[PDB]
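Listed next as structure tokens is one chain, alone, in the form solved without nicotinamide-adenine-dinucleotide.
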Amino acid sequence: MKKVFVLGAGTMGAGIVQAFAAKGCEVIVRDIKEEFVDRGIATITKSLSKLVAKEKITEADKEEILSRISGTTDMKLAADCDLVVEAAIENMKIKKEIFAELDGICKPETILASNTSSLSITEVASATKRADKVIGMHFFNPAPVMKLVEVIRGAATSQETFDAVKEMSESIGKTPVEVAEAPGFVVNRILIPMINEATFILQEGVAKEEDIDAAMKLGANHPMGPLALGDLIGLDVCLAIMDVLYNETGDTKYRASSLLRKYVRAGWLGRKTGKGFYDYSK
């Protein structure tokens, strides 16, 4: 594949744009307003400038990557792309509208993928006449840096679609893993209940925040403690993922702690609000 269309110019969409462009794909990024598209382009540009200051890439590299990326508000520009990656809002009614629309717009060959963490690819696929070509392609923040892509097969995703996405991931220097669609896939199903267990430990007076996090770093060689990780991911995101696991499975194993729900209610969402488990600033 050579031409990729990414919907959404928020943080993840822009990061995924960069992941593809950095390895020589031609990428079109679409959002709903012209200043959203611009915001995402400036997001990629700052991120490349950081890469230059670190002497990871040259200033020429920066401009070359930028040269492969174009913004638009026009969905009809997907028509000729080989892959679409949707990174827009985590809402099933809207995803089904988006994918139905893309199904109408795009050549038969085009594979339609979602970066969704929490909605069913199978259900989204069912809103198209191309279920065999609908698939999850789940990146991790920061998408240019994190090597994993979870390639999530819906019930109807064909082997051919899976192979092509596996191939594409490898072409952009990523490691794809095959996931049969289930709640949380692999990474979040393991990781978010880890953070949630850390909140239970806190709520039950077992240890204090800094001690929980130093335990996991120094006892398990984790790169970050789970409370700090939660503040990085966003406690709202963590809470939402635990609620999804619980709703999907019906299994009280995945019940969020009350303390986590209280923090989210306070708007103590972690780094992005300046306060979660820890107090940050700006």
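All residue numbers refer to positions in the sequence shown, first residue = 1.
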Averaged over C-alpha atoms, is the B-factor higher for 194-202 or for 86-94 in this PDB entry?
86-94
Mean B factor on CA atoms, stretches 5-13 and 265-273, record says higher is 5-13
According to the deposited entry, which of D231, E248, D213, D31 has the largest Cα B-factor?
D31
Take the CA temperature factors straight from the PDB entry and tell me which of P183, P176, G71, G136 peaks.
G71
Assigned third (lowest, middle, highest) for the C-alpha B factor of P108:
highest
How does the C-alpha B factor of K76 compare with the rest of the chain: lowest, middle or highest third?
highest
Ranked by Cα temperature factor within the chain, is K46 in the lowest third, the middle third or the highest third?
highest
When the modelled residues of the chain are sorted by Cα temperature factor, does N221 land in the lowest, middle or highest third?
middle
Using the B-factor values recorded in the entry, state whether the Cα atom of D163 falls in the lowest, middle or highest third among the modelled residues of its chain.
highest
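Form deposited with nicotinamide-adenine-dinucleotide bound: not shown, discussed below.
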Site test, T199, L227 and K275 vs nicotinamide-adenine-dinucleotide in the bound PDB entry, non-hydrogen atom cutoff 4.5 Å:
no
How about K133: is it within 4.5 Å of nicotinamide-adenine-dinucleotide in the bound PDB entry, going by heavy atoms?
no
nicotinamide-adenine-dinucleotide contact in the bound PDB entry: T157, any heavy atom under 4.5 Å
no
Contact between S117 and nicotinamide-adenine-dinucleotide in the bound PDB entry at 4.5 Å, heavy atoms?
yes
With the partner left out of view, is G24 within 4.5 angstroms of nicotinamide-adenine-dinucleotide in the bound PDB entry by any non-hydrogen atom?
no
What stretch, of 124-132, 80-88, 175-183, 162-170, brings heavy atoms to within 4.5 Å of nicotinamide-adenine-dinucleotide in the bound PDB entry?
80-88
